[PDB]
Amino acid sequence: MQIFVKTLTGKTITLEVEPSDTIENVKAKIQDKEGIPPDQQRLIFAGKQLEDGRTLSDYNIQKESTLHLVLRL
Amino acid sequence: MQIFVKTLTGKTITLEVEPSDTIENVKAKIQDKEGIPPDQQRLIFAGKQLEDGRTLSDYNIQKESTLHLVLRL
Amino acid sequence: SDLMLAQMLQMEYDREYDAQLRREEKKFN
C-alpha cells in the first residue's frame, strides 16, 4: 500500500509499504529516500509512537495514511 | 471559527479565528489571551510545525481543530 | 499524537537552550 509521511518542513514523502512491514522497514525506507538515520527518526501515528518491534497492521495503519516524522539532533 | 490550542501542561485555550488568518494572527490572539510572545510561541498541527507566513486555510485548519502550543525561552 | 510530539520538541528545544546557556557561560568566565 501507499503511505504518506509529513515532516516539520511540510514536505510529504510517499512510501510503498505493507501491513506486515515493521517500523524498522519504514525507517530503512525513509533513510533510503531522505538520508535521515533511523536512530534519529521518530514516527507518530494515531496518537501513539511507532515501535521497531511492531508492524503497520498492529498500529492499524491503512492505505493513504498520514504519519508524522520527527528528526532528532 | 472556533479553534483550540493545547499547551504542554494540558492547558486548553479557545480562540476565535478565521481560515484566512495567518499563524501570526493566531500568535497575536494567544498573546492577547495569555501574554506569551509571538516569537516565544510555536504552533504544531498534525505533526507539522505551522509557518507564520502560511494561513490556517493553507494548513487545512478547520473549525474545532486542536493545535499544539510550545513555549520558547 | 500532537501533544507528545509537542512535549518531545519542547524538551529538545530546552536542551538546545541549555547548550546555548553553556555557550554563554563559556563566553563569560
# chains A, B, ... in the order shown; residues from 1 in each chain; ligands from 1
$ residues_around --residues "residue 65 of chain B" --least-positions-apart "6" --cutoff "9 Å" --atoms "only C-alpha atoms" --output "list in words"
residues 2, 3, 4, 5 and 45 of chain B
$ write_last_selection --atoms "N, CA, C and O atoms" --output "PDB file, in the first residue's frame"
ATOM      1  N   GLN B   2     -14.145  28.649  15.674  1.00  0.00           N
ATOM      2  CA  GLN B   2     -13.587  28.392  16.993  1.00  0.00           C
ATOM      3  C   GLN B   2     -12.485  27.345  16.889  1.00  0.00           C
ATOM      4  O   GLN B   2     -12.672  26.297  16.262  1.00  0.00           O
ATOM      5  N   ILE B   3     -11.337  27.634  17.501  1.00  0.00           N
ATOM      6  CA  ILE B   3     -10.193  26.736  17.491  1.00  0.00           C
ATOM      7  C   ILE B   3      -9.696  26.561  18.918  1.00  0.00           C
ATOM      8  O   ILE B   3      -9.935  27.395  19.794  1.00  0.00           O
ATOM      9  N   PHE B   4      -8.998  25.451  19.145  1.00  0.00           N
ATOM     10  CA  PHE B   4      -8.465  25.109  20.456  1.00  0.00           C
ATOM     11  C   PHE B   4      -6.965  24.876  20.360  1.00  0.00           C
ATOM     12  O   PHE B   4      -6.483  24.225  19.425  1.00  0.00           O
ATOM     13  N   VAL B   5      -6.230  25.413  21.330  1.00  0.00           N
ATOM     14  CA  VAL B   5      -4.783  25.255  21.414  1.00  0.00           C
ATOM     15  C   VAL B   5      -4.459  24.642  22.768  1.00  0.00           C
ATOM     16  O   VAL B   5      -4.867  25.174  23.809  1.00  0.00           O
ATOM     17  N   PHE B  45       0.579  21.524  14.084  1.00  0.00           N
ATOM     18  CA  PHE B  45      -0.695  20.994  13.618  1.00  0.00           C
ATOM     19  C   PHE B  45      -0.444  19.735  12.803  1.00  0.00           C
ATOM     20  O   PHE B  45       0.299  19.775  11.816  1.00  0.00           O
TER      21      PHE B  45
END
$ calpha_fit_and_write --fixed "chain A" --moving "chain B" --output "PDB file with N, CA, C and O atoms, in the first residue's frame"
ATOM      1  N   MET B   1       1.256  -1.302  -0.156  1.00  0.00           N
ATOM      2  CA  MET B   1       0.361  -0.152  -0.107  1.00  0.00           C
ATOM      3  C   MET B   1       1.149   1.153  -0.100  1.00  0.00           C
ATOM      4  O   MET B   1       2.341   1.169   0.203  1.00  0.00           O
ATOM      5  N   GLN B   2       0.473   2.250  -0.435  1.00  0.00           N
ATOM      6  CA  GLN B   2       1.098   3.564  -0.465  1.00  0.00           C
ATOM      7  C   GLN B   2       0.813   4.298   0.839  1.00  0.00           C
ATOM      8  O   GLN B   2      -0.335   4.349   1.292  1.00  0.00           O
ATOM      9  N   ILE B   3       1.861   4.859   1.441  1.00  0.00           N
ATOM     10  CA  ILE B   3       1.749   5.593   2.692  1.00  0.00           C
ATOM     11  C   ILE B   3       2.449   6.935   2.536  1.00  0.00           C
ATOM     12  O   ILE B   3       3.322   7.115   1.683  1.00  0.00           O
ATOM     13  N   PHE B   4       2.048   7.886   3.376  1.00  0.00           N
ATOM     14  CA  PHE B   4       2.590   9.236   3.355  1.00  0.00           C
ATOM     15  C   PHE B   4       3.130   9.599   4.731  1.00  0.00           C
ATOM     16  O   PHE B   4       2.496   9.317   5.754  1.00  0.00           O
ATOM     17  N   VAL B   5       4.305  10.222   4.749  1.00  0.00           N
ATOM     18  CA  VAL B   5       4.948  10.675   5.977  1.00  0.00           C
ATOM     19  C   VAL B   5       5.197  12.171   5.847  1.00  0.00           C
ATOM     20  O   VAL B   5       5.822  12.619   4.877  1.00  0.00           O
ATOM     21  N   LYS B   6       4.715  12.938   6.819  1.00  0.00           N
ATOM     22  CA  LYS B   6       4.867  14.385   6.839  1.00  0.00           C
ATOM     23  C   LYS B   6       5.882  14.768   7.904  1.00  0.00           C
ATOM     24  O   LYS B   6       5.808  14.289   9.041  1.00  0.00           O
ATOM     25  N   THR B   7       6.835  15.616   7.530  1.00  0.00           N
ATOM     26  CA  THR B   7       7.837  16.095   8.466  1.00  0.00           C
ATOM     27  C   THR B   7       7.339  17.345   9.186  1.00  0.00           C
ATOM     28  O   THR B   7       6.239  17.847   8.936  1.00  0.00           O
ATOM     29  N   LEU B   8       8.170  17.851  10.098  1.00  0.00           N
ATOM     30  CA  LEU B   8       7.845  19.061  10.841  1.00  0.00           C
ATOM     31  C   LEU B   8       7.882  20.317   9.979  1.00  0.00           C
ATOM     32  O   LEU B   8       7.260  21.319  10.348  1.00  0.00           O
ATOM     33  N   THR B   9       8.587  20.287   8.850  1.00  0.00           N
ATOM     34  CA  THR B   9       8.666  21.426   7.945  1.00  0.00           C
ATOM     35  C   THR B   9       7.593  21.399   6.863  1.00  0.00           C
ATOM     36  O   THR B   9       7.601  22.264   5.982  1.00  0.00           O
ATOM     37  N   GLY B  10       6.676  20.432   6.909  1.00  0.00           N
ATOM     38  CA  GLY B  10       5.632  20.314   5.917  1.00  0.00           C
ATOM     39  C   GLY B  10       5.971  19.447   4.725  1.00  0.00           C
ATOM     40  O   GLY B  10       5.113  19.264   3.851  1.00  0.00           O
ATOM     41  N   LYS B  11       7.187  18.913   4.655  1.00  0.00           N
ATOM     42  CA  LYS B  11       7.570  18.057   3.540  1.00  0.00           C
ATOM     43  C   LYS B  11       6.873  16.706   3.649  1.00  0.00           C
ATOM     44  O   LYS B  11       6.858  16.086   4.717  1.00  0.00           O
ATOM     45  N   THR B  12       6.295  16.251   2.540  1.00  0.00           N
ATOM     46  CA  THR B  12       5.562  14.995   2.486  1.00  0.00           C
ATOM     47  C   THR B  12       6.293  14.019   1.577  1.00  0.00           C
ATOM     48  O   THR B  12       6.650  14.365   0.445  1.00  0.00           O
ATOM     49  N   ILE B  13       6.514  12.804   2.073  1.00  0.00           N
ATOM     50  CA  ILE B  13       7.200  11.752   1.333  1.00  0.00           C
ATOM     51  C   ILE B  13       6.252  10.572   1.186  1.00  0.00           C
ATOM     52  O   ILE B  13       5.651  10.122   2.170  1.00  0.00           O
ATOM     53  N   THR B  14       6.119  10.074  -0.041  1.00  0.00           N
ATOM     54  CA  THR B  14       5.273   8.926  -0.339  1.00  0.00           C
ATOM     55  C   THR B  14       6.142   7.684  -0.491  1.00  0.00           C
ATOM     56  O   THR B  14       7.146   7.708  -1.210  1.00  0.00           O
ATOM     57  N   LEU B  15       5.753   6.608   0.184  1.00  0.00           N
ATOM     58  CA  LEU B  15       6.513   5.368   0.190  1.00  0.00           C
ATOM     59  C   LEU B  15       5.594   4.183  -0.072  1.00  0.00           C
ATOM     60  O   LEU B  15       4.380   4.257   0.137  1.00  0.00           O
ATOM     61  N   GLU B  16       6.187   3.092  -0.547  1.00  0.00           N
ATOM     62  CA  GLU B  16       5.474   1.841  -0.773  1.00  0.00           C
ATOM     63  C   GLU B  16       5.858   0.856   0.324  1.00  0.00           C
ATOM     64  O   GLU B  16       7.007   0.403   0.382  1.00  0.00           O
ATOM     65  N   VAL B  17       4.898   0.527   1.190  1.00  0.00           N
ATOM     66  CA  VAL B  17       5.134  -0.361   2.319  1.00  0.00           C
ATOM     67  C   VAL B  17       3.992  -1.362   2.415  1.00  0.00           C
ATOM     68  O   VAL B  17       2.906  -1.161   1.866  1.00  0.00           O
ATOM     69  N   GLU B  18       4.252  -2.454   3.128  1.00  0.00           N
ATOM     70  CA  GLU B  18       3.273  -3.506   3.334  1.00  0.00           C
ATOM     71  C   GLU B  18       2.733  -3.462   4.760  1.00  0.00           C
ATOM     72  O   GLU B  18       3.359  -2.875   5.649  1.00  0.00           O
ATOM     73  N   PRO B  19       1.554  -4.046   4.999  1.00  0.00           N
ATOM     74  CA  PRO B  19       1.032  -4.102   6.376  1.00  0.00           C
ATOM     75  C   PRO B  19       1.903  -4.909   7.325  1.00  0.00           C
ATOM     76  O   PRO B  19       1.956  -4.594   8.520  1.00  0.00           O
ATOM     77  N   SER B  20       2.590  -5.936   6.829  1.00  0.00           N
ATOM     78  CA  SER B  20       3.480  -6.738   7.658  1.00  0.00           C
ATOM     79  C   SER B  20       4.838  -6.082   7.876  1.00  0.00           C
ATOM     80  O   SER B  20       5.617  -6.574   8.699  1.00  0.00           O
ATOM     81  N   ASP B  21       5.139  -5.001   7.162  1.00  0.00           N
ATOM     82  CA  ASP B  21       6.403  -4.303   7.354  1.00  0.00           C
ATOM     83  C   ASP B  21       6.404  -3.562   8.685  1.00  0.00           C
ATOM     84  O   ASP B  21       5.430  -2.896   9.047  1.00  0.00           O
ATOM     85  N   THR B  22       7.510  -3.680   9.413  1.00  0.00           N
ATOM     86  CA  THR B  22       7.629  -3.042  10.714  1.00  0.00           C
ATOM     87  C   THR B  22       7.946  -1.558  10.559  1.00  0.00           C
ATOM     88  O   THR B  22       8.139  -1.044   9.454  1.00  0.00           O
ATOM     89  N   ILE B  23       7.991  -0.864  11.699  1.00  0.00           N
ATOM     90  CA  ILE B  23       8.382   0.543  11.700  1.00  0.00           C
ATOM     91  C   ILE B  23       9.861   0.682  11.362  1.00  0.00           C
ATOM     92  O   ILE B  23      10.304   1.726  10.871  1.00  0.00           O
ATOM     93  N   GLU B  24      10.649  -0.362  11.636  1.00  0.00           N
ATOM     94  CA  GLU B  24      12.042  -0.378  11.201  1.00  0.00           C
ATOM     95  C   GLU B  24      12.142  -0.407   9.680  1.00  0.00           C
ATOM     96  O   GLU B  24      13.033   0.221   9.097  1.00  0.00           O
ATOM     97  N   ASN B  25      11.233  -1.132   9.021  1.00  0.00           N
ATOM     98  CA  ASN B  25      11.194  -1.131   7.561  1.00  0.00           C
ATOM     99  C   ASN B  25      10.819   0.243   7.018  1.00  0.00           C
ATOM    100  O   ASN B  25      11.370   0.691   6.004  1.00  0.00           O
ATOM    101  N   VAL B  26       9.888   0.930   7.686  1.00  0.00           N
ATOM    102  CA  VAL B  26       9.508   2.279   7.271  1.00  0.00           C
ATOM    103  C   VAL B  26      10.667   3.246   7.483  1.00  0.00           C
ATOM    104  O   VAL B  26      10.892   4.160   6.681  1.00  0.00           O
ATOM    105  N   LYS B  27      11.423   3.053   8.568  1.00  0.00           N
ATOM    106  CA  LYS B  27      12.602   3.879   8.814  1.00  0.00           C
ATOM    107  C   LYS B  27      13.680   3.628   7.767  1.00  0.00           C
ATOM    108  O   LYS B  27      14.355   4.566   7.327  1.00  0.00           O
ATOM    109  N   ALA B  28      13.854   2.369   7.355  1.00  0.00           N
ATOM    110  CA  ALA B  28      14.803   2.053   6.290  1.00  0.00           C
ATOM    111  C   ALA B  28      14.369   2.662   4.961  1.00  0.00           C
ATOM    112  O   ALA B  28      15.206   3.153   4.193  1.00  0.00           O
ATOM    113  N   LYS B  29      13.063   2.639   4.674  1.00  0.00           N
ATOM    114  CA  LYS B  29      12.552   3.283   3.467  1.00  0.00           C
ATOM    115  C   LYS B  29      12.752   4.794   3.506  1.00  0.00           C
ATOM    116  O   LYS B  29      13.100   5.397   2.485  1.00  0.00           O
ATOM    117  N   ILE B  30      12.548   5.416   4.671  1.00  0.00           N
ATOM    118  CA  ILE B  30      12.780   6.851   4.808  1.00  0.00           C
ATOM    119  C   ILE B  30      14.263   7.174   4.667  1.00  0.00           C
ATOM    120  O   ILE B  30      14.634   8.223   4.126  1.00  0.00           O
ATOM    121  N   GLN B  31      15.131   6.287   5.162  1.00  0.00           N
ATOM    122  CA  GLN B  31      16.570   6.474   4.999  1.00  0.00           C
ATOM    123  C   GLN B  31      16.980   6.355   3.538  1.00  0.00           C
ATOM    124  O   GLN B  31      17.866   7.082   3.071  1.00  0.00           O
ATOM    125  N   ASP B  32      16.360   5.431   2.803  1.00  0.00           N
ATOM    126  CA  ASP B  32      16.640   5.317   1.376  1.00  0.00           C
ATOM    127  C   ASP B  32      16.104   6.516   0.603  1.00  0.00           C
ATOM    128  O   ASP B  32      16.715   6.943  -0.383  1.00  0.00           O
ATOM    129  N   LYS B  33      14.970   7.069   1.032  1.00  0.00           N
ATOM    130  CA  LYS B  33      14.353   8.188   0.329  1.00  0.00           C
ATOM    131  C   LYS B  33      15.044   9.521   0.599  1.00  0.00           C
ATOM    132  O   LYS B  33      15.180  10.338  -0.317  1.00  0.00           O
ATOM    133  N   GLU B  34      15.486   9.763   1.837  1.00  0.00           N
ATOM    134  CA  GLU B  34      16.005  11.070   2.219  1.00  0.00           C
ATOM    135  C   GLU B  34      17.397  11.042   2.834  1.00  0.00           C
ATOM    136  O   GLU B  34      18.135  12.021   2.685  1.00  0.00           O
ATOM    137  N   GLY B  35      17.775   9.962   3.515  1.00  0.00           N
ATOM    138  CA  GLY B  35      19.073   9.881   4.152  1.00  0.00           C
ATOM    139  C   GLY B  35      19.081  10.090   5.650  1.00  0.00           C
ATOM    140  O   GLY B  35      20.164  10.083   6.252  1.00  0.00           O
ATOM    141  N   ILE B  36      17.922  10.281   6.273  1.00  0.00           N
ATOM    142  CA  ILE B  36      17.832  10.409   7.725  1.00  0.00           C
ATOM    143  C   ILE B  36      18.069   9.037   8.347  1.00  0.00           C
ATOM    144  O   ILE B  36      17.539   8.036   7.844  1.00  0.00           O
ATOM    145  N   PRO B  37      18.858   8.940   9.414  1.00  0.00           N
ATOM    146  CA  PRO B  37      19.129   7.633  10.030  1.00  0.00           C
ATOM    147  C   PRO B  37      17.883   7.061  10.681  1.00  0.00           C
ATOM    148  O   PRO B  37      16.997   7.815  11.111  1.00  0.00           O
ATOM    149  N   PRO B  38      17.766   5.730  10.741  1.00  0.00           N
ATOM    150  CA  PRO B  38      16.612   5.125  11.432  1.00  0.00           C
ATOM    151  C   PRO B  38      16.556   5.443  12.917  1.00  0.00           C
ATOM    152  O   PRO B  38      15.461   5.585  13.475  1.00  0.00           O
ATOM    153  N   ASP B  39      17.710   5.562  13.573  1.00  0.00           N
ATOM    154  CA  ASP B  39      17.738   5.969  14.971  1.00  0.00           C
ATOM    155  C   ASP B  39      17.456   7.453  15.151  1.00  0.00           C
ATOM    156  O   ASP B  39      17.107   7.869  16.260  1.00  0.00           O
ATOM    157  N   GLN B  40      17.597   8.251  14.096  1.00  0.00           N
ATOM    158  CA  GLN B  40      17.319   9.679  14.145  1.00  0.00           C
ATOM    159  C   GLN B  40      15.906  10.022  13.698  1.00  0.00           C
ATOM    160  O   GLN B  40      15.554  11.205  13.655  1.00  0.00           O
ATOM    161  N   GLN B  41      15.091   9.026  13.366  1.00  0.00           N
ATOM    162  CA  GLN B  41      13.728   9.245  12.903  1.00  0.00           C
ATOM    163  C   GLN B  41      12.744   8.637  13.893  1.00  0.00           C
ATOM    164  O   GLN B  41      12.911   7.488  14.316  1.00  0.00           O
ATOM    165  N   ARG B  42      11.725   9.410  14.258  1.00  0.00           N
ATOM    166  CA  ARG B  42      10.663   8.959  15.150  1.00  0.00           C
ATOM    167  C   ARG B  42       9.339   9.053  14.406  1.00  0.00           C
ATOM    168  O   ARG B  42       9.037  10.089  13.802  1.00  0.00           O
ATOM    169  N   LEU B  43       8.557   7.979  14.450  1.00  0.00           N
ATOM    170  CA  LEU B  43       7.289   7.891  13.740  1.00  0.00           C
ATOM    171  C   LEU B  43       6.129   8.000  14.722  1.00  0.00           C
ATOM    172  O   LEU B  43       6.107   7.319  15.752  1.00  0.00           O
ATOM    173  N   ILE B  44       5.167   8.858  14.393  1.00  0.00           N
ATOM    174  CA  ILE B  44       3.977   9.069  15.207  1.00  0.00           C
ATOM    175  C   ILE B  44       2.749   8.798  14.350  1.00  0.00           C
ATOM    176  O   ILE B  44       2.652   9.280  13.217  1.00  0.00           O
ATOM    177  N   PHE B  45       1.816   8.019  14.895  1.00  0.00           N
ATOM    178  CA  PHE B  45       0.581   7.684  14.200  1.00  0.00           C
ATOM    179  C   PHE B  45      -0.584   7.795  15.171  1.00  0.00           C
ATOM    180  O   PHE B  45      -0.582   7.135  16.217  1.00  0.00           O
ATOM    181  N   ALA B  46      -1.567   8.627  14.810  1.00  0.00           N
ATOM    182  CA  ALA B  46      -2.790   8.858  15.589  1.00  0.00           C
ATOM    183  C   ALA B  46      -2.480   9.310  17.016  1.00  0.00           C
ATOM    184  O   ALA B  46      -3.124   8.898  17.982  1.00  0.00           O
ATOM    185  N   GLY B  47      -1.475  10.174  17.141  1.00  0.00           N
ATOM    186  CA  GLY B  47      -1.097  10.713  18.430  1.00  0.00           C
ATOM    187  C   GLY B  47      -0.298   9.783  19.313  1.00  0.00           C
ATOM    188  O   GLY B  47      -0.049  10.122  20.476  1.00  0.00           O
ATOM    189  N   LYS B  48       0.112   8.625  18.806  1.00  0.00           N
ATOM    190  CA  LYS B  48       0.891   7.659  19.566  1.00  0.00           C
ATOM    191  C   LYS B  48       2.187   7.357  18.830  1.00  0.00           C
ATOM    192  O   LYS B  48       2.199   7.232  17.600  1.00  0.00           O
ATOM    193  N   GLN B  49       3.276   7.245  19.585  1.00  0.00           N
ATOM    194  CA  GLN B  49       4.575   6.939  19.002  1.00  0.00           C
ATOM    195  C   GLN B  49       4.617   5.481  18.566  1.00  0.00           C
ATOM    196  O   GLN B  49       4.295   4.580  19.345  1.00  0.00           O
ATOM    197  N   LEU B  50       5.015   5.254  17.317  1.00  0.00           N
ATOM    198  CA  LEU B  50       5.086   3.904  16.779  1.00  0.00           C
ATOM    199  C   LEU B  50       6.322   3.184  17.299  1.00  0.00           C
ATOM    200  O   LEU B  50       7.405   3.769  17.399  1.00  0.00           O
ATOM    201  N   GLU B  51       6.155   1.909  17.632  1.00  0.00           N
ATOM    202  CA  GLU B  51       7.244   1.075  18.116  1.00  0.00           C
ATOM    203  C   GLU B  51       7.926   0.386  16.942  1.00  0.00           C
ATOM    204  O   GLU B  51       7.261  -0.057  16.000  1.00  0.00           O
ATOM    205  N   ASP B  52       9.258   0.306  17.004  1.00  0.00           N
ATOM    206  CA  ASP B  52      10.021  -0.309  15.920  1.00  0.00           C
ATOM    207  C   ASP B  52       9.748  -1.805  15.829  1.00  0.00           C
ATOM    208  O   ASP B  52       9.730  -2.373  14.730  1.00  0.00           O
ATOM    209  N   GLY B  53       9.549  -2.462  16.973  1.00  0.00           N
ATOM    210  CA  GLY B  53       9.189  -3.871  16.955  1.00  0.00           C
ATOM    211  C   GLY B  53       7.808  -4.114  16.375  1.00  0.00           C
ATOM    212  O   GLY B  53       7.581  -5.114  15.688  1.00  0.00           O
ATOM    213  N   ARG B  54       6.871  -3.210  16.645  1.00  0.00           N
ATOM    214  CA  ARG B  54       5.522  -3.339  16.118  1.00  0.00           C
ATOM    215  C   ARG B  54       5.499  -3.042  14.620  1.00  0.00           C
ATOM    216  O   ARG B  54       6.332  -2.303  14.088  1.00  0.00           O
ATOM    217  N   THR B  55       4.523  -3.634  13.940  1.00  0.00           N
ATOM    218  CA  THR B  55       4.368  -3.488  12.501  1.00  0.00           C
ATOM    219  C   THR B  55       3.294  -2.457  12.177  1.00  0.00           C
ATOM    220  O   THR B  55       2.657  -1.884  13.064  1.00  0.00           O
ATOM    221  N   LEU B  56       3.110  -2.219  10.875  1.00  0.00           N
ATOM    222  CA  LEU B  56       2.074  -1.294  10.428  1.00  0.00           C
ATOM    223  C   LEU B  56       0.683  -1.856  10.691  1.00  0.00           C
ATOM    224  O   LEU B  56      -0.249  -1.106  11.008  1.00  0.00           O
ATOM    225  N   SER B  57       0.522  -3.175  10.554  1.00  0.00           N
ATOM    226  CA  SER B  57      -0.765  -3.800  10.849  1.00  0.00           C
ATOM    227  C   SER B  57      -1.067  -3.764  12.342  1.00  0.00           C
ATOM    228  O   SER B  57      -2.233  -3.674  12.745  1.00  0.00           O
ATOM    229  N   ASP B  58      -0.028  -3.846  13.178  1.00  0.00           N
ATOM    230  CA  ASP B  58      -0.224  -3.755  14.621  1.00  0.00           C
ATOM    231  C   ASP B  58      -0.643  -2.354  15.044  1.00  0.00           C
ATOM    232  O   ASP B  58      -1.367  -2.192  16.033  1.00  0.00           O
ATOM    233  N   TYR B  59      -0.201  -1.333  14.312  1.00  0.00           N
ATOM    234  CA  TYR B  59      -0.567   0.049  14.581  1.00  0.00           C
ATOM    235  C   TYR B  59      -1.806   0.486  13.809  1.00  0.00           C
ATOM    236  O   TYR B  59      -2.140   1.677  13.826  1.00  0.00           O
ATOM    237  N   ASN B  60      -2.481  -0.456  13.136  1.00  0.00           N
ATOM    238  CA  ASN B  60      -3.683  -0.201  12.332  1.00  0.00           C
ATOM    239  C   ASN B  60      -3.428   0.841  11.244  1.00  0.00           C
ATOM    240  O   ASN B  60      -4.260   1.712  10.983  1.00  0.00           O
ATOM    241  N   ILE B  61      -2.266   0.749  10.603  1.00  0.00           N
ATOM    242  CA  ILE B  61      -1.905   1.644   9.509  1.00  0.00           C
ATOM    243  C   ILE B  61      -2.445   1.039   8.218  1.00  0.00           C
ATOM    244  O   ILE B  61      -2.097  -0.087   7.855  1.00  0.00           O
ATOM    245  N   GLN B  62      -3.296   1.787   7.526  1.00  0.00           N
ATOM    246  CA  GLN B  62      -3.932   1.347   6.295  1.00  0.00           C
ATOM    247  C   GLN B  62      -3.313   2.072   5.103  1.00  0.00           C
ATOM    248  O   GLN B  62      -2.326   2.803   5.231  1.00  0.00           O
ATOM    249  N   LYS B  63      -3.899   1.843   3.928  1.00  0.00           N
ATOM    250  CA  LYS B  63      -3.447   2.514   2.717  1.00  0.00           C
ATOM    251  C   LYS B  63      -3.752   4.004   2.787  1.00  0.00           C
ATOM    252  O   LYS B  63      -4.762   4.419   3.361  1.00  0.00           O
ATOM    253  N   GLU B  64      -2.850   4.804   2.208  1.00  0.00           N
ATOM    254  CA  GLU B  64      -2.918   6.267   2.172  1.00  0.00           C
ATOM    255  C   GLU B  64      -2.967   6.889   3.567  1.00  0.00           C
ATOM    256  O   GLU B  64      -3.532   7.971   3.748  1.00  0.00           O
ATOM    257  N   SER B  65      -2.382   6.222   4.559  1.00  0.00           N
ATOM    258  CA  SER B  65      -2.333   6.767   5.904  1.00  0.00           C
ATOM    259  C   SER B  65      -1.255   7.843   6.006  1.00  0.00           C
ATOM    260  O   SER B  65      -0.266   7.844   5.268  1.00  0.00           O
ATOM    261  N   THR B  66      -1.459   8.769   6.938  1.00  0.00           N
ATOM    262  CA  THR B  66      -0.540   9.877   7.162  1.00  0.00           C
ATOM    263  C   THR B  66       0.158   9.684   8.502  1.00  0.00           C
ATOM    264  O   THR B  66      -0.502   9.604   9.544  1.00  0.00           O
ATOM    265  N   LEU B  67       1.484   9.611   8.469  1.00  0.00           N
ATOM    266  CA  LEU B  67       2.295   9.510   9.672  1.00  0.00           C
ATOM    267  C   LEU B  67       3.107  10.785   9.852  1.00  0.00           C
ATOM    268  O   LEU B  67       3.281  11.566   8.914  1.00  0.00           O
ATOM    269  N   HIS B  68       3.598  10.995  11.069  1.00  0.00           N
ATOM    270  CA  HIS B  68       4.398  12.164  11.404  1.00  0.00           C
ATOM    271  C   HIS B  68       5.832  11.732  11.669  1.00  0.00           C
ATOM    272  O   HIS B  68       6.070  10.806  12.452  1.00  0.00           O
ATOM    273  N   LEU B  69       6.782  12.400  11.019  1.00  0.00           N
ATOM    274  CA  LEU B  69       8.197  12.075  11.141  1.00  0.00           C
ATOM    275  C   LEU B  69       8.901  13.179  11.920  1.00  0.00           C
ATOM    276  O   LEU B  69       8.748  14.363  11.603  1.00  0.00           O
ATOM    277  N   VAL B  70       9.667  12.788  12.935  1.00  0.00           N
ATOM    278  CA  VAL B  70      10.427  13.716  13.764  1.00  0.00           C
ATOM    279  C   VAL B  70      11.903  13.372  13.637  1.00  0.00           C
ATOM    280  O   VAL B  70      12.292  12.210  13.802  1.00  0.00           O
ATOM    281  N   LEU B  71      12.721  14.378  13.341  1.00  0.00           N
ATOM    282  CA  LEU B  71      14.156  14.201  13.193  1.00  0.00           C
ATOM    283  C   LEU B  71      14.852  14.372  14.538  1.00  0.00           C
ATOM    284  O   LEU B  71      14.653  15.366  15.240  1.00  0.00           O
ATOM    285  N   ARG B  72      15.685  13.395  14.884  1.00  0.00           N
ATOM    286  CA  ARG B  72      16.376  13.377  16.163  1.00  0.00           C
ATOM    287  C   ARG B  72      17.845  13.719  15.961  1.00  0.00           C
ATOM    288  O   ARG B  72      18.475  13.284  14.993  1.00  0.00           O
ATOM    289  N   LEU B  73      18.383  14.507  16.886  1.00  0.00           N
ATOM    290  CA  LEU B  73      19.778  14.929  16.821  1.00  0.00           C
ATOM    291  C   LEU B  73      20.714  13.793  17.222  1.00  0.00           C
ATOM    292  O   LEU B  73      20.283  12.789  17.787  1.00  0.00           O
TER     293      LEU B  73
END
$ select_by_dssp --residues "segment 15-60 of chain A" --states "strand (DSSP E or B)" --output "PyMOL selection string"
chain A and resi 15-16+22+41-45+48-49+55
$ interface_residues --of "chain C" --to "chain A" --cutoff "9 Å" --atoms "only C-alpha atoms" --output "PyMOL selection string"
chain C and resi 1-5+9+12
$ write_last_selection --atoms "C-alpha atoms" --output "PDB file, in the first residue's frame"
ATOM      1  CA  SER C   1      -0.330  12.465  18.939  1.00  0.00           C
ATOM      2  CA  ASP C   2       0.262  16.203  18.616  1.00  0.00           C
ATOM      3  CA  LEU C   3       0.714  16.615  22.380  1.00  0.00           C
ATOM      4  CA  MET C   4       3.523  14.076  22.808  1.00  0.00           C
ATOM      5  CA  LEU C   5       5.305  15.402  19.712  1.00  0.00           C
ATOM      6  CA  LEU C   9      10.059  19.069  20.670  1.00  0.00           C
ATOM      7  CA  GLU C  12      14.664  19.059  22.663  1.00  0.00           C
TER       8      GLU C  12
END
$ atom_distance --atom1 "atom CA of residue 7 of chain C" --atom2 "atom CA of residue 24 of chain C"
25.2 Å
$ select_by_dssp --residues "chain B" --states "helix (DSSP H, G or I)" --output "PyMOL selection string"
chain B and resi 23-33
